[PDB]
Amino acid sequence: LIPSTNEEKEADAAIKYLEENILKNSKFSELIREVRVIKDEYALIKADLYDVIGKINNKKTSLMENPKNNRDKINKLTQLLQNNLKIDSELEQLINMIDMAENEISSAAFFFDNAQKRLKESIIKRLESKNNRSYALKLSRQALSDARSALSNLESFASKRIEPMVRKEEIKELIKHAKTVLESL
């Protein structure tokens, strides 16, 4: 199970290095909670901005059915509204930033996870080639052994048919000598 090859060690070393001073200073669950707190905090800030923008617009609209008398008011309000669209715009960027961040840390846990799996899978395949190469050799030796048992069988066959091949006609005549002695008596 231990990693052996230079590459297996090189991965193991990288994984254990994340594990034993990064993910033991600051673990994944507690990094995810970290961000989700501020993500929530920024959503309340958005909510509040949207509330005041709406109040700005609703006041401006009302004042606008009397725009001569409300010119100043309408101007402060127009300007004020335009300022908050800018605030909204910079807030969006930050909310984007915190979204990426939340993804990045969920990528990390993903990648880290997969990495551990990918190394387990590599060591297991190493052992599969080791077993396969070992079985090759043994196949090559069994093959040699079969060829020898084949040889030893072929020699046994060779020598067992000699007597029978050699005494056949000696026996054919030994019969059919004594046939003609049945003929005549």
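Numbers follow the displayed sequence, beginning with 1.
- Relative to its counterpart among 116-124 and 44-52, 116-124 has the higher mean temperature factor, C-alpha atoms as listed in the PDB entry.
- For the pair 65-73 and 147-155, the mean B factor over Cα atoms is greater in 65-73.
- Out of 26, 134, 142, 57, the entry records its largest CA B-factor for 26.
- Among the modelled residues of its chain, residue 33 has a C-alpha B-factor that falls in the highest third according to the deposited record.
- The entry lists a Cα temperature factor for residue 78 that places it in the lowest third of the chain's modelled residues.
- Sort the modelled residues of the chain by CA B factor and residue 103 lands in the highest third.
- When the CA B factors of the chain's modelled residues are split into thirds, the value for residue 97 lands in the middle one.
- For residue 18, the recorded CA B-factor ranks within the highest third of the chain. Only modelled residues enter the ranking.
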